[PDB]
C-alpha cells in the first residue's frame, strides 16, 4: 500500500514515516519544513540535533535500501499538493502537517490567524485532492483529544448517544477547544465529517493524547535518523519537558494547581496506532473517530513520577508552581474512553520506570545543549495581542 505522510519531517510524522516504510508500505513525505523555520524564528532548538530531511531519507536508504519519496511544499498551495498527489498516487494519506502548538497559536493575532488558515485550508485542500485524484484514498487525520475540552461527563470516541425530550439520536460529541490551535482541529474534524457524508470520503480522525518519548525502533538505527525532542515552552509538552527539566536541575514547571488531566501515549504507540488505522481502513462515507492514547495522567501525577524516576538517578528533582499562562480547568473530572484502537489490536507501551529512566538518561547526556532560557512559558492566553511579537 502507498502512504503519503504529510508533515513527515515532524516529531510524530518522521517516526511514523520510518515505521511504515519498515513495515513495507511505499512511503512519501510531503512537508514544507516550516516547523524548522519556526525554531529559527523563535530561537528554539531540539534537545538532540537532527539531520536535514534529505540526509534523514538518504541515511534510511543507505541502511535499508528503501527509498522514501520527498515532496517539499506547502499543502495550502493546491498546485503543489495536486502534483504530489498525482505523482505519488497514495492509497492512504496521514495528515500530520499542521501548526500543532497551542502556545504558538496564542502568541499574537498573526500567529492565531496563521494557525487557523494553514490548518483549516490545508486540510480542505487535502480533502479536495482526495476527491479529485483518488476518491478511495483513506484519510488518517490527526485531530486532538483537546477537541473535547473537560466536560463534567465521560468523553466518548467522537460520538455520543443522547436521549433528549423523549427522542434518541447519536450525535457528534460537543466540542470545547481551549486554544486557537485546538480550535483549528475542531474545524478540521467538522469539515472532514461533512465530506464523508457528501462525497463518500473515508476517514479516520485520530484524537491523540500528549506524546512522550524520543526513541522508536527505526529512529534509533542511526544518529541521522534521530527524532526531535522539544523541551521549550512553545513546542515542548508536559512529560518530555519535565524529564528535560529534571535532567538540568530545573524545578518541574507545574502550571497552576496541576490537576489538569489528559491522555498520554509513548511515541512508539503513535506509529503503531497510525499503522493499525491504515491497515484497517474506514469504509466509504465513514468518519471514524479514535481516542488515541493509552493512559490518563494529571500534571501533578507526572511531576511525582519524574521525581521518583529522577531520584533513582540522583537528580534531586524539585517542583515549582508557575502562574498558569493558559486559561483551562486546573481541577476537573476526566474519563475519556479509548477502546477502538485496543479492539483493533493495539499492544500499548504503558509508561514505565524503564521508559522514564531511558528518557531521563537521554536528557542528562544532552543536558549541555539545553537552553534553560526557553524552559519557562512566556505566552499568555489572556495577554495575547495584535502586534507581531519577536
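Residue numbers count along the first chain shown, from 1.
- When the C-alpha B-factors of 350 to 358 and 38 to 46 are averaged, 350 to 358 comes out higher.
- Comparing the deposited coordinates for 278 to 286 and 138 to 146, the stretch with the larger average C-alpha B-factor is 278 to 286.
- Highest CA B-factor among the listed residues (91, 83, 301, 77): 301.
- Sorting 196, 127, 233, 306 by the CA temperature factor given in the entry leaves 306 at the top.
- In the PDB entry, residue 372 places in the highest third of its chain by CA B-factor.
- Annotation for residue 316: CA B-factor lies in the highest third of the chain's modelled residues.
- Split the chain's modelled residues into thirds by C-alpha temperature factor. Residue 70 is in the lowest one.
- Annotation for residue 295: C-alpha temperature factor in the highest third relative to the rest of the modelled chain, per the entry.
- Residue-level temperature factors show residue 339 in the highest third of its chain, judged at the C-alpha atom.
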